[PDB]
Amino acid sequence: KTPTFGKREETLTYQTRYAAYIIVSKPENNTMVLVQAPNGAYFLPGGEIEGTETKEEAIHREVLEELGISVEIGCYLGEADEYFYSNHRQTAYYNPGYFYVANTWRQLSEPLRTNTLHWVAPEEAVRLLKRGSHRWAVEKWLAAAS
């Protein structure tokens with residue numbers, strides 16, 4: 001029932017790590033920002049929850065590090081899960097993701113800068129995003145009216 005994405009390997013044992021992501025949009029020109037890794041993969045802003053962080057605290061840390069922004073976290077879109085293999089970790093991960101919308105945000109600094117930032121149309125984000133869980137979040141947000 002929980003939207004689930006990613007080819008999982010029946011051979012490997014998956015470790016669980018939780019993640020939180022947020023849609024950060026520029027309503028005035030109908031764009032939203034994506035973070036593109038050095039390897040070329042596009043992601044929503046956010047990431048794996050660390051230490052004793054809440055989902056929201058992980059978001060606050062990530063958008064500062066990646067985007068140089070603060071956010072006012074708004075709507076909770078829901079959970080979408082991702083199965084993947086981390087090459088650098090050499091570890092298979094089960095990744096419950098918790099997806100949110102920023103109501104508003106503020107530019108505070110430059111990003112803390114191996115990734116590149118791309119402001120794109122939401123429909124273009126859907127075409128660029130690496131993960132089915134991320135595409136799911138954008139499509140849900142697109143369908144969510146006032």
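One is the number of the first residue; the rest follow in order along the sequence. Side chains included, hydrogens not; waters and symmetry mates left out as well; all remaining heavy atoms used.
The NE2 atom of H118 lies 4.0 Å from the OG1 atom of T116; values are rounded to the nearest 0.5 Å. Taking CD1 from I22 and CH2 from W141, the interatomic distance works out to 12.0 Å, rounded to the nearest 0.5 Å. To the nearest 0.5 Å, atoms NZ (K55) and CD1 (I49) are separated by 6.0 Å. Atoms OH and OH, from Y98 and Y76 in turn, are 6.5 Å apart once rounded to the nearest 0.5 Å. Within the model, atoms OH of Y85 and OH of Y14 stand 9.5 Å from one another, a figure rounded to the nearest 0.5 Å. Going from atom CG of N95 over to atom CD of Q15 covers 12.0 Å, rounded to the nearest 0.5 Å.
Of the possible polar contacts, none joining the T31 side chain to the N29 backbone as a donor-acceptor pair under 3.5 Å is found. In terms of modelled atom types and a separation under 3.5 Å, the side chain of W105 and the main chain of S25 share a donor-acceptor contact. In this structure a side-chain-to-backbone donor-acceptor pair under 3.5 Å is missing from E79 to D81. Between the side chain of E57 and the main chain of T54, a donor-acceptor pair closer than 3.5 Å is present.
Partner of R61 under the salt bridge (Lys or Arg N to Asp or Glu O under 4.0 Å) criterion, chosen from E56, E66, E53: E53.
A pairwise comparison of heavy atoms in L77 and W136 identifies O-CH2, 3.7 Å as the closest pair. In terms of heavy atoms, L129 sits closest to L44 at CD2-N, 3.6 Å. Across all non-hydrogen atoms, the minimal contact from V24 to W119 is O-CZ3, 3.8 Å. Residue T16 comes nearest to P96 through the heavy atom pair CG2-CD, 4.1 Å, listed as atom of the first residue, atom of the second, then distance. Considering every non-hydrogen atom in both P122 and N30, the closest pair reads CD-O, 3.4 Å.
For the pair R131 and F84, the distance from NZ or CZ to the six-membered ring centre is under 6.0 Å and the angle to the ring normal is within 45 degrees. The cationic atom of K130 (NZ for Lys, CZ for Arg) does not lie both less than 6.0 Å from the six-membered ring centre of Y42 and within 45° of the ring axis.
Residue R89 places its CZ atom among more than 12 non-hydrogen atoms of other residues, nucleotides or ligands, all under 6.0 Å distant.
Side-chain contact between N103 and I73: absent, with no pair of heavy atoms (C-beta onward) separated by less than 4.5 Å. The shortest distance between side-chain heavy atoms of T104 and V71 does not fall below 4.5 Å. Between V63 and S70 there is no side-chain heavy-atom pair separated by less than 4.5 Å. Side-chain atoms of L64 and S109, non-hydrogen and from C-beta on, do get closer than 4.5 Å to each other.
Below 30°, between 30° and 60°, or above 60°: for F99 and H134 the angle between ring planes is above 60°, a perpendicular geometry.
Linking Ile, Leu, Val, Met, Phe, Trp and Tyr residues whenever their side-chain heavy atoms come within less than 4.5 Å places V101 and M32 in a single cluster. Put simply, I59 and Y18 are part of the same group of oily side chains (I, L, V, M, F, W, Y) that touch within less than 4.5 Å, one to the next.
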- Message: Run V138 and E123 through side-chain contact (heavy atoms from CB on, under 4.5 Å) and show every step you take.
- Response: CA-CA 8 Å; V138 178; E123 296 77 7; over 6 Å; no

- Please lay out, stage by stage, how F43 and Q36 fare under the test side-chain contact (heavy atoms from CB on, under 4.5 Å). CA-CA 6 Å; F43 303 98; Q36 188 193 25; over 6 Å; no

- Message: Between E124 and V126, does the side-chain contact (heavy atoms from CB on, under 4.5 Å) criterion hold? Intermediate values first, please.
- Response: CA-CA 5 Å; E124 176 71 359; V126 173; over 6 Å; no

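Applying the salt bridge (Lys or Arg N to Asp or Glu O under 4.0 Å) definition to pairs two or more places apart or across chains, those involving residues 6-31 are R17-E48.
By the side chain to side chain contact (heavy atoms under 4.5 Å, CB included) test, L117 pairs with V33, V35, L67, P111, sequence neighbours left out. Looking at residues two or more places apart in sequence or on another chain, you find a side chain to side chain donor-acceptor pair (under 3.5 Å) between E82 and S133.
Outside the 6.0 Å centre-distance limit, the rings of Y83 and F5 are not counted as a close aromatic pair.
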